[PDB]
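Below you'll find only one chain, the form deposited in one PDB entry, shown as C-alpha cells.
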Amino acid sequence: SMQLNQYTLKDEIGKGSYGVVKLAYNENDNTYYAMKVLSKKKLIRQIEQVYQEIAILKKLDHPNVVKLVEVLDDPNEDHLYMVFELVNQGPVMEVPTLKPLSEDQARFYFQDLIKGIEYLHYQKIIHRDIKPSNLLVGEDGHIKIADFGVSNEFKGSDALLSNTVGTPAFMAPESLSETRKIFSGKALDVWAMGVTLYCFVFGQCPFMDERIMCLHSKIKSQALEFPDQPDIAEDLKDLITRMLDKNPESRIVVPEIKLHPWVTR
C-alpha cells in the first residue's frame, strides 16, 4: 500500500487504455474509490489529451456513466491521479468466456448501455472503446460505462473522424481503410455496441484472428456468423445484424435501437 493525502492505494483493479486503476481507501469518509494512475513521463514517450479527458469527465453526470470525483496533479510529481466512484462488482464479463450471459441478463445490461451511450452522444462525446470489460456492474445490478481514455468531444450533430483507436476487435470496418478516410463517430459507437451485445450472449467476438491484418480483413469483408451455441431469439439476431451492418449509412441508429422489438420486450 501507499498513502496519498487522505487515500490509501491498494491492489490494481484494472488496466485500461492508459495507466492503471487502483482500489483506494479514503480515510476522511470511510469508503473506497477507484483511482486511475498515470505517469507523465510514460505519456510523454507513448499532457493535453489527459486534460481533455478530464474536461470531458467533468461534464458527465448520469447513472450509467462512472463519475469523476477529483483529480490530484502536482506539477512537482510524475504521477497524475484521477479519483472515480468505485463500482463494486467490476466488469460485466471477460472475453472470451464459456459462461455468457442469458438473453434476459443481456437485455437488462444492454438497456443500461443504450441509456449511457445516448447520454454521451447528447453531451457530444464519442466513447470509442465500448466493450464488455469497460462496463462495470454496480451494487444495484446496473452497468456504468468507464474508460474515456480514447474518447472524443465533437461539435454539431456528429464527430468527423480519421484516426483509428480503441480495441481492434471492436473497431468498425469504415475505420480500417488502407487510405485516409473520414467516418461518423456515432456509428462507430453503435458498431462497438453490436460487438458488445454479441459478446454478451456468445462469450466471444464475432470476428477474431491472432494476426491483426487478418482481423481487419474479416471485420471488413467476412459476413457475420452466429455460433451454434447458445441458440438465441430471431429478434436478437436481427438487432445484432443491424448494428453490425458494415455500411455505416444503413447501420441502425440509437433512436431506432430504442424501438427495436428485442429491446422493448
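Just so we're on the same page, rigid core means the largest C-alpha set that superposes within 1.5 Å between forms. A residue's number is simply how far along the shown sequence it sits, counting from 1.
- Compared with other deposited structures of the same protein, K41 does not meet the criterion of being unmodelled in at least one third, since all of those that resolve residues on both sides include it.
- According to the record, 10 or more deposited residues between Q46 and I47 are left without atomic coordinates.
- 94-102 and 121-129 differ in mean CA B-factor, and the higher of the two is recorded for 94-102.
- Relative to its counterpart among 107-115 and 77-85, 77-85 has the higher mean temperature factor, C-alpha atoms as listed in the PDB entry.
- Of the candidates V66, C199, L239, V50, the one whose C-alpha carries the top B factor in the deposited record is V50.
- Looking at the C-alpha B-factors along this chain, the one for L72 belongs to the highest third.
- In the PDB entry, a CA B factor belonging to the highest third of its chain's modelled residues is recorded for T164.
- Sort the modelled residues of the chain by CA B factor and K220 lands in the middle third.
- Compared with the other modelled residues of the chain, the Cα B-factor recorded for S151 ranks in the lowest third.
- Remark: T179 belongs to the highest third of its chain, ranked by C-alpha B-factor as recorded.
Note that the form deposited in another entry isn't included here; everything after this is about it.
- Comparing C-alpha positions between the shown form and the other one after a rigid core fit, one residue in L38, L236, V65, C205 moves 2 angstroms or more. It is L38.
- Core-superposed comparison between the shown form and the other one: the C-alpha position of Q52 differs by no less than 2 Å.
- Superposed on the core, the two forms barely differ at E249: its CA moves less than 2 Å between the shown form and the other one.
- With the core held fixed between the shown form and the other one, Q89 has its Cα displaced by at least 2 Å.
- In that other deposited form, the Cα positions of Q52 and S133 lie at least 3 Å nearer to each other than in the form displayed.
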